[PDB]
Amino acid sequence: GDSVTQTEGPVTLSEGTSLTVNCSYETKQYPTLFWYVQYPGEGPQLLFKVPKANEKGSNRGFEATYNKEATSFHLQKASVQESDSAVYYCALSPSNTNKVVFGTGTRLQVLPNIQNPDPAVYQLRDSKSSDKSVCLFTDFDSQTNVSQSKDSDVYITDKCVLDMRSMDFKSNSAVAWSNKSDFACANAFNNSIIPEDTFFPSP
């Protein structure tokens, strides 16, 4: 019956890049089209809607054209911000009754452009109320991809963007830990392709 097909898989862009989320629909009635955005920790939320056949919708820099001839509703934005990281839903509903068909949402992850990269792998400790010792790979630019550990007793998380707002500072960081005695921070991120200038202090 009524169908909606939008871009598959996660989309990862650096901020400032032009975004295009393709949406194609197939319906026998005359529908109204929607875009819904779902920010982390919230529910879906109306971005915009276009009731008539060849108009344009826009909100928060996003824009999509109801293309009746092509049966498309492609979402576009000329310069994505880091605040746009969310799941975007292309939705269809006939104009005579509210039967809303959603597509498989596309997760958009917008990464910051790190101005002054300073990649390094540090070791942390605690009150040793935990037999682990964590390693921290931090201050690398957004190009670096953190590979998941292929050792069963070694755990590596993915890169995470924290924002120190008072000083306009963004940084990436990934964490690796293990209880093995031969686990060291020098070999913790061998699975990944890290910058050659990465800084390893003498612990």
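Quick note: we count residues from 1 along the sequence shown, nothing fancier.
J.: According to the deposited model, is the average Cα temperature factor higher in 36-44 or in 144-152?
T.: So the stretch with the higher mean C-alpha B-factor is 144-152.
J.: Looking at the entry, does 11-19 or 182-190 show the higher mean C-alpha B-factor?
T.: Comparing 11-19 with 182-190, the higher mean C-alpha B-factor belongs to 182-190.
J.: If I read the C-alpha B-factors straight from the PDB entry, which of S133, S79, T106, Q109 is highest?
T.: Spelled out: the listed residue with the top C-alpha B-factor is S133.
J.: Identify, among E69, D163, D139, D158, the residue whose C-alpha carries the highest B-factor in the deposited PDB entry.
T.: So the option with the highest C-alpha B-factor is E69.
J.: Name the third of the chain's ranked CA B-factors that contains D118, choosing lowest, middle or highest.
T.: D118: CA B-factor falls in the middle third of its chain.
J.: Quick one: classify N59 as lowest, middle or highest third of the chain based on its Cα B-factor.
T.: Middle third, going by the recorded CA B-factors of the chain.
J.: Considering only modelled residues of the same chain, in which third does the CA B-factor of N96 rank: lowest, middle or highest?
T.: As the PDB entry reports it, the C-alpha B-factor of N96 lands in the highest third of its chain.
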